[PDB]
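All remarks here apply to the structure that follows.
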2 protein chains.
Amino acid sequence: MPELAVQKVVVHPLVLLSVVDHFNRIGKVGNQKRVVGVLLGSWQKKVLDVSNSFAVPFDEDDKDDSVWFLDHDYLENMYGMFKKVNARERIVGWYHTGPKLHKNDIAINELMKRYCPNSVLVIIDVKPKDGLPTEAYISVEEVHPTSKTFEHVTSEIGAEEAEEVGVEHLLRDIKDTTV
Amino acid sequence: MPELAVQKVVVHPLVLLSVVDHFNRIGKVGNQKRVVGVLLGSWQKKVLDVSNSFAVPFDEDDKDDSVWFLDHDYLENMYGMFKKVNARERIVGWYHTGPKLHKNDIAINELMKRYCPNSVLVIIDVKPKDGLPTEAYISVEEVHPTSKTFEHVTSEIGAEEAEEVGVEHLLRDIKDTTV
């Protein structure tokens, strides 16, 4: 029985910023709920490089979250859109804003595995005063009625140097207000 | 004859980061050319708040840039996609990575004005060691065979405080490598 296909997840700053920003922006218009999205990137050495992301319409019943939907058409359409403009990136997994694993995450991940068999879920912490921004997981089968569970994958916010200096330069740029 | 509809453009950090990141990422796979995209946001007080953006497929002939195309279907489709997930944002204009105005920018802007009559163009400086990240423009008519020209609009990287602390927190998070 083979080890994980992914042993580390590097989430690029833009992804974190995107996800946190999107989450806070929907929060201002009354978002009551976690955000779910797709992660795009590339794999090198059992290391997953998460370079991009996009939120997807997602609903889940707040009484029984076995009732949940993601439009895979939306995700495929968005991904196709992205492919037209972006440097080669692949669906490498998905994200949600957590804060923790939800019961239906295994099922969501099973839908995501349609697009990436070694789908990694990253919970992205969007709480301002939290953490360790990312927590990565890969679904793992536990044989007994065989069961699926998330196994933690080492994950970090990571950036190539030129990319971090771009972020550093970003922060030096900023003026307040705002609305 | 009335003054500009927009007198200041606040570009949010995520937009700059997105645009610079996208540009550098396509650069690594041999992008030879400026990136063009759409800006989304909202207007308050002749102040345009640019909160989001997306690149669009764009081609322009390098001999005669009167030959250029943007798929407005792509832009409408992407915008509709975004509307499904995002807090209310509108097409408020467009961007390109410059470094300077191109001859066909007035024409591009005319296409963008289909979506936003008071379209603002923002040239986003993606050069690492440059600047003043943004330069905003609004097309203005000069009556004589009446002519269109870009007028500079005050523009800044701007963030609400909570949003800047999120960026500050981003930079404190980052690890090197990278690839």
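Naming convention: chains lettered A, B, ... in sequence-line order (proteins, then strands); numbering from 1 in each chain. Just the heavy atoms: all of them, side chains too, but no hydrogens, waters or symmetry mates, feed the values below.
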| Single-linkage hydrophobic cluster, 4.5 Å side-chain cutoff, A:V11 and B:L170 together | yes

| query | Out of A:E164, A:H12, A:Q44, A:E160, which one pairs with B:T178 under the side-chain hydrogen bond (donor to acceptor under 3.5 Å, both in side chains) rule? | reply | A:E160

| message | Under a 4.0 Å threshold between the charged nitrogen and the carboxylate oxygen, would A:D105 count as salt-bridged to A:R34? | response | yes

| said: As an exercise: rank B:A87, B:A159, B:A55 by heavy-atom pairs under 4.5 Å with chain A and give me the winner. | reply: B:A159

| query | By a 4.5 Å heavy-atom criterion (distance strictly below it), what part of A:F58 contacts chain B: side chain, backbone, both, or neither? | reply | neither

| query | For chain B, which of A:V179, A:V35, A:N24 has the most heavy-atom pairs under 4.5 Å? | reply | A:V179

| field | Whether A:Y74 and A:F54 hold their rings parallel, tilted or perpendicular, with breakpoints at 30° and 60° | value | tilted

| Just checking, is any N or O donor in the side chain of B:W68 or B:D59 under 3.5 Å from an acceptor N or O on the other one? | no

| said: Heavy-atom cut-off 4.5 Å, strictly under: side chain, backbone, both or neither for B:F82 against chain A? | reply: both

| Is a salt bridge present between A:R25 and B:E89, judged by a nitrogen-to-oxygen distance below 4.0 Å? | no

| said: Quick check for you: among B:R88, B:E163, B:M78, which has the greatest number of heavy-atom pairs under 4.5 Å with chain A? | reply: B:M78

| A:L70, A:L121: one ILVMFWY side-chain cluster at the under-4.5 Å cut-off? | yes

| request: Heavy atoms only, distances under 4.5 angstrom: which of B:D176, B:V10, B:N77, B:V20 has the most pairs with chain A? Name it, please. | output: B:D176

| query | Can you say whether A:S51 sits under 4.5 Å from chain B via the side chain, the backbone, both, or neither, judging by heavy atoms? | reply | both

| Do A:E135 and A:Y137 have side-chain N/O donor and acceptor atoms under 3.5 Å apart? | yes

| query | Measuring heavy-atom distances to chain B, does A:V56 have an atom under 4.5 Å in its side chain, in its backbone, in both, or in neither? | reply | backbone

| For A:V85, is it the side chain, the backbone, both or neither that has a heavy atom under 4.5 Å from a heavy atom of chain B? | both

| said: Please classify the contact of A:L16 with chain B as side chain, backbone, both or neither, using a heavy-atom distance under 4.5 Å. | reply: side chain

| task | Considering only NZ, NE, NH1 and NH2 on the basic side and carboxylate oxygens on the acidic side, decide whether A:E60 and A:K33 come within less than 4.0 Å. | result | no

| query | Hey, are A:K8 and A:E156 close enough for a salt bridge, meaning a charged N less than 4.0 Å from a carboxylate O? | reply | yes

| field | Proximal component of A:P128, with respect to chain B [non-hydrogen, under 4.5 Å] | value | backbone

| Of all of A:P13, A:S18, A:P57, which one pairs up most often with chain B through heavy atoms under 4.5 Å apart? | A:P13

| field | Side chain, backbone, both or neither of A:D71 within contact of chain B (heavy atoms, under 4.5 Å) | value | neither

| field | Contact leader toward chain A among B:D49, B:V29, B:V47, where contacts are heavy-atom pairs under 4.5 Å | value | B:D49

| note | Cut-off 4.5 Å, heavy atoms of chain A, and the answer for B:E161 is both

